[PDB]
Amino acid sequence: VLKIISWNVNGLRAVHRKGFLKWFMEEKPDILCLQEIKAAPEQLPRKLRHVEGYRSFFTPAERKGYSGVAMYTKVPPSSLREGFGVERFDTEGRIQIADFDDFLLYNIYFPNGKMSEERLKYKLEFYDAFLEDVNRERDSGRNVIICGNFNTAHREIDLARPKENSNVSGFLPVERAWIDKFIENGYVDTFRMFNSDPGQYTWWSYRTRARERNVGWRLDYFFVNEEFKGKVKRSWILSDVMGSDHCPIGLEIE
């Protein structure tokens, strides 16, 4: 069995101060995917950049302290692809696509759309490019695993306050519609393969002590193509892990 963990750290240096490595060796993921590291590798202390036992790959945004994704993996991929072939998406440090023989692993930090009409438009177009990219790789005979911060809660059950948020990027019908669309192309929300209950969240606002009162959303997901779901054994939320406004999620396969 291969354990993969995904975590929108919201600043890899910041989380390093708040027990990152201690936990890292504590959870022992086969693969560790990180989103929103807000760093370039040149900014990271040796023992944070290079964790013993793992190969590490970093893809920072062009812009400083912004976005960025990272992957640590005991067994290296035979290729890491850091983009979809669309410059405006490929320069924000949002994409890592690792080829691990059995599957392709997409580590994606999808755009947040709250800031502006442009940032939602960017978000929705990024969603479109990903779907095409993953569909092309899946239509060609590959199994795919997609993890990361989609920045959208799919259904009213996937957030504490569904009604007040229907007008705000993150729960817009256009955004929820796209997740339906994703699933109808033959992709499975692995968490809801085993768990249909409320109160399962993955992010909470820092403002209003939102986390201790479990007022949050499930914005982080593990998707696999429908041909691959029979290889998934568990999908769970690591709710007790602190450090970010997000908590880790996990997957184990075969």
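Residue numbers run from 1 along the displayed sequence.
- The mean Cα B-factor in the deposited entry runs higher for 152-160 than for the other of 104-112 and 152-160.
- Annotation for 192-200 versus 31-39: the higher mean temperature factor (C-alpha) is found in 192-200.
- Out of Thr59, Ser67, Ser205, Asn185, the entry records its largest CA B-factor for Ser205.
- Sort the chain's modelled residues by C-alpha temperature factor and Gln96 lands in the lowest third, per the entry.
- When all modelled residues of the chain are sorted by CA temperature factor, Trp217 is found within the middle third.
- Per the PDB record, residue ranking by Cα B-factor puts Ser78 in the middle third of the chain.
- The PDB entry assigns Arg211 a C-alpha temperature factor belonging to the highest third of its chain's modelled residues.
- Annotation for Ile146: CA B-factor lies in the middle third of the chain's modelled residues.
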